[PDB]
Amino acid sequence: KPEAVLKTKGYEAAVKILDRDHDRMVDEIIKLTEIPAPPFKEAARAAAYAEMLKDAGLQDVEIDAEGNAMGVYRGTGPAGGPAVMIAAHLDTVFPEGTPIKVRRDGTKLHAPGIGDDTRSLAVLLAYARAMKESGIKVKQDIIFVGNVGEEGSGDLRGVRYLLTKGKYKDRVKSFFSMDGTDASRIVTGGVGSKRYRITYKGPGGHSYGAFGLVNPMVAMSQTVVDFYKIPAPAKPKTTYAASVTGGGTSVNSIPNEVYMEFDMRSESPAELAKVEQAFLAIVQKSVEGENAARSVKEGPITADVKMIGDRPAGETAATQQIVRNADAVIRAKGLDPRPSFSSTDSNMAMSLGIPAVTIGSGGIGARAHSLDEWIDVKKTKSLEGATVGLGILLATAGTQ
């Protein structure tokens, strides 16, 4: 049984070290938070995190070609065998120039990205330190990762490299992402994203003299009209939107270039592919329809299909052992397990058939993805919450 790892002497010893060095964990949250990591600019924080991973006594600490920082907690099994990966992303949503200095408010700490996801970075370091000092022996290797590109336009570039090209691509059989502070969350589902900018081009000309020629504005408008007739099931939740538009010079001219940006989301990879294929077909039919309705004698309407966002959809079945481990540990810790869909790093592992769950770092936090982000490092709740992820991790890797 998974929750039995909570009654092992190794875990209880490791929790005492988390208790003893909780003051160190908070210092490392502040140190890493004040190293800003905007999207595609995580190199500075990755270097600092890499130093802290080897400071925790991990093996083979390195930074891969993508920018992820890794460390190995070697298990008792054969080298190169099945392993557990647990990651917390280095990047934040805040762009370069955002002033990040931690502000203390009694037991609260205010700083952009302090809970998403910098706290999880330090909680993983505390896991590695406490496990090694207490002499915990795991059956499978554990790869502690500070990955890049989880937020915004990063589009999971970090976990994609780890799981399709990196050293551990063939060894990760259980993937964890520690994202957020809610230690009762169990993200078992991944909401996918497909986003395009369609640029419609045409010959142009005078609105009066060249009237009758094809107008790319109409083909774009016709796209939106058919777009919002695509069936979207309530469950699995499937959504879409026409969100950004632009183009044209003046009312004196027929436009020669206009653009519309589209959003498509779904909990189901099958439903997301249905919408994407219908959207791409609607784009083609809308261009053909405009070239039939008006004159192409000066050149036809053309459409440039550019993908501007891609995140896979997926799910870990509730019967998978990794979910049963997370459910059992969270129950035994007195919390209510919250299985949910979301858009996290685990989306990548789910799309590859790898059992994956996204978990929380513990304690209290709020106002993520905003400048008012803050966490509560009150020891009783911050420590007890941080002990949850360790139990899930040790139950999954297996202890001896």
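Note that residue numbering follows the sequence shown and begins at 1.
So 186-194 or 89-97, which one's hotter by mean CA B-factor in the entry? The entry gives the higher C-alpha B-factor average to 89-97.
Is the mean CA B factor in the deposited entry higher across 106-114 or across 271-279? Mean CA B-factor is higher for 106-114.
In terms of CA temperature factor as recorded, identify the highest of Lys201, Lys169, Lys235, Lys139. Answer for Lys201, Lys169, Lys235, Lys139: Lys139, with the highest C-alpha B-factor.
When the deposited Cα B-factors of this chain's modelled residues are ordered and cut into thirds, is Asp55 in the lowest, the middle or the highest one? As the PDB entry reports it, the C-alpha B-factor of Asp55 lands in the middle third of its chain.
Considering only modelled residues of the same chain, in which third does the CA B-factor of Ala130 rank: lowest, middle or highest? It belongs to the middle third of the chain when residues are ordered by C-alpha B-factor.
Quick one: classify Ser250 as lowest, middle or highest third of the chain based on its Cα B-factor. It belongs to the middle third of the chain when residues are ordered by C-alpha B-factor.
Sort the modelled residues of this chain by their C-alpha B factor and say whether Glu151 lands in the lowest, middle or highest third. As the PDB entry reports it, the C-alpha B-factor of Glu151 lands in the highest third of its chain.
Among the modelled residues of this chain, does the Cα B factor of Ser243 put it in the lowest, middle or highest third? Middle third.
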